[PDB]
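> Sharing an experimental structure here, sequence included.
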Number of protein chains: 2
Amino acid sequence: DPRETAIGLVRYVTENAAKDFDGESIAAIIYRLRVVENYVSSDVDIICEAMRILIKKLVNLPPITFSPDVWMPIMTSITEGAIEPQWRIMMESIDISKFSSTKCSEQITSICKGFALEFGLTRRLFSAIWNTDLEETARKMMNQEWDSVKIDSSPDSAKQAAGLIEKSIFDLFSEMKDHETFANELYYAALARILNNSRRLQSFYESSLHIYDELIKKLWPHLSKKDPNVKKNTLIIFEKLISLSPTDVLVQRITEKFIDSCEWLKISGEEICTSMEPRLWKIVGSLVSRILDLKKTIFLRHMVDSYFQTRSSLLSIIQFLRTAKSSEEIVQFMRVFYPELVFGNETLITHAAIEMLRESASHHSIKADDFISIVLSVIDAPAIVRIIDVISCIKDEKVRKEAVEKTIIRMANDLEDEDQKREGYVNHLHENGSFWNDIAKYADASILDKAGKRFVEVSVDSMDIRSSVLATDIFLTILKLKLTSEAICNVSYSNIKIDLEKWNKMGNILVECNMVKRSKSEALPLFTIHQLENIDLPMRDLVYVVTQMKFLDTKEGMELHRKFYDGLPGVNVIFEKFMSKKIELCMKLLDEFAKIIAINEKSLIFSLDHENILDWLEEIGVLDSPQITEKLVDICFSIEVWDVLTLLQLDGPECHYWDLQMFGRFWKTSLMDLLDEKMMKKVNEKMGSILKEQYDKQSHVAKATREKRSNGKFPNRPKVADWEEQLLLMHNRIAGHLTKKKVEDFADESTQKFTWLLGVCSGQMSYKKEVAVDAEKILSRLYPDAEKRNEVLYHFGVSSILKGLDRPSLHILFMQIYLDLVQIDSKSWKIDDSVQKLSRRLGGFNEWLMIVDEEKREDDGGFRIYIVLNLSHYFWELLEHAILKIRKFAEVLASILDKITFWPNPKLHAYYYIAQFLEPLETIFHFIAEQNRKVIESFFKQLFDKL
Amino acid sequence: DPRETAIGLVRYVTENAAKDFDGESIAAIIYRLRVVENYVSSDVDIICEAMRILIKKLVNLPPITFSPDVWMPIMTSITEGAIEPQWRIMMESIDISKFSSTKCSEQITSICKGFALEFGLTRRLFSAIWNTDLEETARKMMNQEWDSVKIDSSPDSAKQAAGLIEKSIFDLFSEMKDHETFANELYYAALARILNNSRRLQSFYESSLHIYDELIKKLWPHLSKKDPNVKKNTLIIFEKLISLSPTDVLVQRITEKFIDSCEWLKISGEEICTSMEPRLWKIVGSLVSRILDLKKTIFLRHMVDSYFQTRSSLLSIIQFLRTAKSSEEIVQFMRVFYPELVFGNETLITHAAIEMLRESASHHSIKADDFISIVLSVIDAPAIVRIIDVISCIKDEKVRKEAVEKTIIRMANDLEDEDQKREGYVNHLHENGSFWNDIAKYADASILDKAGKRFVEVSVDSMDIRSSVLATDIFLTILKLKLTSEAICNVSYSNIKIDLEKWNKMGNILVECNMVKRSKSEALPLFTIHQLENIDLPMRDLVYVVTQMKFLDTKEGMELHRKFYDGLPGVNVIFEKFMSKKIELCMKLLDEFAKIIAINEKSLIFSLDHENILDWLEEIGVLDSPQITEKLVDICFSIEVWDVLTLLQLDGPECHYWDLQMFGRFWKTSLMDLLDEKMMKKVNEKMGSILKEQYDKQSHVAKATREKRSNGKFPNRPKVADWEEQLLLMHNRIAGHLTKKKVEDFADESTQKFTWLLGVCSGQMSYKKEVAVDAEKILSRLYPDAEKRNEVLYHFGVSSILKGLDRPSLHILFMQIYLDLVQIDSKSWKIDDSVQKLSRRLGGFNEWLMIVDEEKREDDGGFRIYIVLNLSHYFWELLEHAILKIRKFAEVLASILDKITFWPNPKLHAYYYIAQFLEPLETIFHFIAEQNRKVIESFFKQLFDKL
């Protein structure tokens, strides 16, 4: 029975407790009293005193008594009661004849655990497995003795230690003997393991660092209690362990280990930095090289993970270089590694380096040469956005000023060599307001003056419109830059020392900067002397002057113009001559606006609030000026023809102004109340055919655009966009300036405004019913009688039709409908009518055919003879109410006959129409010949002279 | 920023460390310095001194400062740093204006854990949640103060305690202040919880017992260090807690709890038993009632589990009643609960109760009345197999003797009332040898004598053969029972005092016991005086005497027969008269064996080794006796007819011995070498027809058995079983006893052995070729000449055929073949033959027809006249070599004629055959009539007298 044998062995131990036994026998006794599992509660006490005696004897054994694989199972059995099988294999071979409920067993195990805790077996086990004496190695590395290292640092022993560290006996670390000293010697033995494995290698370090990390994690609360020199010892042990590292990966891992250590042992950055600055610089260089390589590159997922770790390592060491006293070290760091560090697109580390630079500057005055070197090296790099940080790092006012001027010169040079990348960087740098706030609270006045001068120089030297525009805008901002110390004019023209002719070029750039790029509030209107001295300006600065001439009215504008243009002779005379009644400027601006509306061309005036253009002329106060209103009606006329080109779906300036004007006067006006439906059919068909012929004459892109725009063919109006609504709105508003008193302004018959009024009275489409009724009322004021009111309206319509045919598919149609409206009218003639009234109904017929001039004869297509022959031919056909019509026409022809002679041009078939004159003379001689004789003879004489 | 506010609060604490603050403010400060997570390694020291100050102040707070649900999260935060959300909800409502890496946080948490360990916050938390002072309740139950209990024992507080017990602060139980005292007060507070929840209830106890078990599991190593009175306090606390339990389930659970406790606190059975015997008895009664109910019965799987537990509870408490000093208690336990405990079919608990009974008997002398009461109560129960255990428990020799005699009387009474169950129990009890070894080493001689007397009484009084057989066998065993003290005759006939006529009946029971039940070695042959005085015995004890008469030859048998039959007059005369030449016993035994082989009946002689029966007669020495050999040949003859009944597939004694005997002599013997193939066909067909007629006359079971046995019909032999091989083997062996000298024994012609020898010489099938050639050689010795050798063989065959037809479908066939063999033979007759030789060839013809007796005439079927008429008829047909045949037959008939007159019986058609006599007389008178005249006249005179 095993229990009896165990009892006998226990008795043998109790009576032989003062004797010394070989370790093998002790191990055999231990094994045999563990393997028994049928113990009783009665004999537990004697056996526990037995095994405390055995454990006390075992601790006294020399370390070389057993091997680690035999040391392991005995501890297993005496701590948790687990029995390893190969252990029982080895132990059953030992003879012991010379020495001869599970609750009892677990009580025995726990009591043995308590006794093993009291007698401190863990230290003995560690010393045995590691083949070293922990106290001796701890003492020797207290004394820095590294050439006499005697310890096993094999990976499997590290595995065994790690497999130890997790049981519960270490949960009670503050209960074993000299637990602080034992803790210290464990820490130093782990450090000596790292040292041994580092020295041997002169996968290889993973287990060592792992077991060291586990040891420090379990041991931090007790290392700092007894020995206050632990921190310094860790500092020296690593100040070698770093220096013995061959490769950079090793270095970064172990520096991570001491980042951890300084975290555990509560070591602030100041002490470590002041005691390890020399090696730290090398370590920093190697690790930052690793960061650079890993950023360049940025089982294959590790390439990011390690990246993060290494970066965090920097984040720690820079935080340990927070109070780095060596200014030279941090200066050379900024000079060499900071550029690429910024290039790594990492902000935290740069950010901290910046603050430690500012702290080093506050505590110590670094040489200006060093700081200008680092600034230029940063200026050299295409990173010019963060430079302001190191500019704020400049604690010297003079250095700050010189650094700012060097940086501005550098960006000027960057814009000079014309590389897109640098230009983009400069644009981003000038997109923030904190930069300019810092520039204001750093730089002084002279810096602003030189910046303005150089910057106007680059603006005038820049051919690229974008670069010049940016230059002018930022020049405007630096002109209005408020200095904090001085808290405004910052650049004067005299200091620029530039020729005036090139300063004249800046006007367009100023237009672009002040209305295109900038908003209304931040717009800073300025005018170069080319504008202030001339009226013959392009519409760009014409619009500029018209819309920012209110800015000179304010005292601020006049003041800054005077102070900026100070030193230039005659400036006062210029100012008074533009304050003087600019009226010609208004005329030319409105003329250009008229012709630009006449050609269907896009202009930036449309983007402005032109709908209240009448308000604009009210701001200056020339709304009462009469010479403007003429031009005003011109505007109206032109917008009218624009509307026509909108309705025709024609677009483009392929036809002259008068053609489309007379086509506009050709519309729904009461002139076509008299016409019949067959007439409409023929005119619409011919208009559609000629419009289609024009359409297929165009290109494919224009046809696609017109098809997209047009929802329906003639006469349906195409789709309406937005801008035409604005144009129409301001067009109808003109009436605000058309009041012009009661009747006296329009009483002059021979005025363009009178022609406009006659046009608007009857049927102009683009004008709304309110304007139409106002025009009708004012015409009622002019002509109280309605008979003359309609007579003059009809005469105006026909006369406009006739005059429009002077400067040449549409002319022939107009010929046709002129004939046709005459045919319609002829039914309404009275027998008692006069020849002058008939000529008036025919238009300006008498005055039209009496214009005998060389120019009128020149290049005429014979429209006059063509008309005369056409009506004469139709009346001749009728002759071969009707009698009254023929008689009145014959009266008219007899009255006019003596004038038609001068007209026959010598280029057209003059003789053919001379012969064709036979019908009119026949209808005259049917009755009239007796009263009109001299005319007849003179007519014949010039006719024969023509031969 | 929370960190600045926490720093300010920490400063406020440091300058106000000597002031007292309300607990709410302290909790708010704790919460706010926990919630901060951006701490620095620099300020860790000041904050840890801050919270040690706060914890020291908090410990000083009165227990009613907070509620448990507020006490919980603060401990959570200060031990593991986990923050409960509702806690932050409650704490954020407190204003603190008047007081104004995660590695740092975890260091803070671990340092706070260490400080909380040092200041012992766990005791304060327990006192707060349980609304009690642990020291006061521990002291009061040291002083046994139960009427002033003030504690909360709610289930949720138990849940909270259990949820506490598992963190790591309790891993260091030996580090908090007064950890032994705190351990004691925890144990006593848990006990007071059980007490409170037991008293309140005057599901309800599960959490309390669970938390108590967890507490004792974590707290056992420290409860016995300081206070040595813990064991007694647990004893009293349970000596009430058991006594206050209303139901038995509660009782069994809590007694399990103290089985556990005595296991943990190292309390041996002796102390607990001597201090708690009164209540333990009640507890034992209740739990054993539970075991009885659960055995009777033996989510529904629990009915077994609890069962086991409760049984284990008994296994513990009985082991704590090991040294129960009260003999009355254990005696009454055995008297009342032990029977049903045995009935529970559980052996461990009974087993231990038995040993504790023996220990109580060794230490203390229990009254004999108690032990006889418990024995009779066990004897009363049908469990009489284990009684021997309590008989060995009897330490008193006189009591042991009286208990043994009471038990034997009890089993005698059990066998008397004739209930099968009790008989089976007695048989099982007598099936073991340890029981009889114990009976021998316990009882004395007089016990054996009275057992033998009563047991012979029951054997002779038992009508059941099985009960009597068991009685006789066990009487034999108790007769040979060796007593250890006396170390053999144990029962004598005189003491039995039984009448001799009933003792004569025991013979058959002795046969059954000594050859059927018992083996050869343990067979104990005995013979009742009925056998020793008589020869007219049934074959049972005949076989017994023949096979165990060797047992008297040994001195042992004679000695035990004399000493057992001592006191009976004339025993010596009986012994000498059976030692005297038993020869008649042999004759009668062999006669019975012969007739039993003749009827195909199963007998147990077959199971014996009868194959060496010749050896048996050699053992006695009567193998030389001549009067046996006659009977021997009888045996042979009978086995022969048995073989015939085997070959015929007939079986059963439906035909007489002589019929089958003459059919056996009818077989392949040389008598049928003379017969031809048509004769074989007719005889085989008729035999098959009559055999089938016999077959379908039988029943279905016999036909099924015969069909299974017979693999083929006639003449193919059926399948051969085993026993016939044995019978045939001993049959052939007879020859060993047939040597009988050279020629002188068989020289007597008129002997049965001579008939057997004549039969074996020619053709008996069952005898092998060795016996056949031996018989031929011995017949060559008897008859050197071969002519007489074949003549007598032929005469024997025909004479056996004729004699077999005297005591009547097979007879008519025999008639036919007798005629037919005569026809065959008649061709071999010489002209010079004599009438006597011809009669010899015809068989015993002359001697056969001359037997004139009243018995021969009586009931004769007229076979003689039938034969005479049949051959006379065939020879008459031939008459109407042939002449020689007719002449020889006529000579024979003339010689015999004067004798055939006497035979005609008066029951059969006598006159018809008298008339049919005309053919023989005709063939006689064809020639012979002159030499035979007086015969003719006498024949005619008796013929006429017959009329």
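Alright, I've got the coordinates. Numbering: from 1, shown residues only, chains lettered A, B, ... in the order given.
> use CA for all of it now, contacts and neighbours both
Fine.
> For burial, what's the neighbour tally of the closest residue in space to residue A:171 that isn't next to it in sequence?
Computed as C-alpha to C-alpha, 6 or more residues apart in numbering or on different chains, the closest residue to residue A:171 that is not its neighbour in sequence is residue B:171, at 7.0 Å. As a burial measure, residue B:171 scores 15 neighbours (other C-alpha atoms under 10 Å in any protein chain shown).
> do the same with residue A:934
As a burial measure, residue A:934 scores 12 neighbours (other C-alpha under 10 Å).
> check which helix or strand covers the closest residue to residue A:533 other than its chain neighbours.
Excluding the flanking residues, the one nearest residue A:533 by C-alpha to C-alpha, 6+ apart is residue A:574, at 6.4 Å. Using DSSP states H and E, residue A:574 falls within helix A:571-579.
> buried ones in the next helix-or-strand element following that helix?
Once the chain leaves helix A:571-579, the next helix or strand it forms, by DSSP H and E, is helix A:583-598. Residues of helix A:583-598 classed as buried under the neighbour-count rule (16 or more other C-alpha atoms under 10 Å in any protein chain shown) are A:583, A:585-598.
> And stretch A:265-282, by the same measure?
For stretch A:265-282, the neighbour count (16+ other C-alpha under 10 Å) marks A:265, A:266, A:267, A:269, A:272, A:273, A:277, A:280 as buried.
> Tell me which ones among the residues you listed also neighbour chain B, please.
A:266, A:267 (C-alpha under 8 Å from any C-alpha of the partner chain).
> nearest to chain B, of the buried residues of stretch A:265-282?
The closest of the buried residues of stretch A:265-282 to chain B turns out to be residue A:266 (C-alpha to the nearest C-alpha; 6.0 Å).
> Excluding sequence neighbours, find me the nearest residue to the closest one.
Excluding the flanking residues, the one nearest residue A:266 by C-alpha to C-alpha, 6+ apart is residue B:41, at 6.0 Å.
> what about the residue in the stretch 401-550 of chain A positioned nearest to chain B, distance to residue B:273?
The stretch 401-550 of chain A approaches chain B most closely through residue A:434 (25.7 Å), counting by C-alpha to the nearest C-alpha. When distance is defined by C-alpha to C-alpha, to the nearest Å, residue A:434 is 93 Å away from residue B:273.
> show me what contacts the nearest residue to residue A:193 once chain neighbours are set aside?
What sits nearest to residue A:193 in space, not counting adjacent residues and going by C-alpha to C-alpha, 6+ apart, is residue A:153, at 5.2 Å. Counting by C-alpha atoms under 8 Å, 6 or more residues apart in numbering or on different chains, residue A:153 makes contact with A:130, A:193, A:194, A:196, A:197, A:208.
> Need those in a markdown table (columns: neighbour count).
Shown next, in a markdown table, are the contacts of residue A:153 (neighbours: other C-alpha atoms under 10 Å in any protein chain shown):
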| residue | neighbour count |
| --- | --- |
| A:130 | 22 |
| A:193 | 24 |
| A:194 | 21 |
| A:196 | 18 |
| A:197 | 17 |
| A:208 | 24 |
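> quick one: which of those is nearest to chain B?
Closest to chain B out of the contacts of residue A:153 is residue A:208 (21.8 Å), distances taken as C-alpha to the nearest C-alpha.
> Please list all residues in contact with the closest one.
By C-alpha under 8 Å, 6+ apart, residue A:208 lies in contact with A:153, A:155, A:158, A:190, A:193, A:194.
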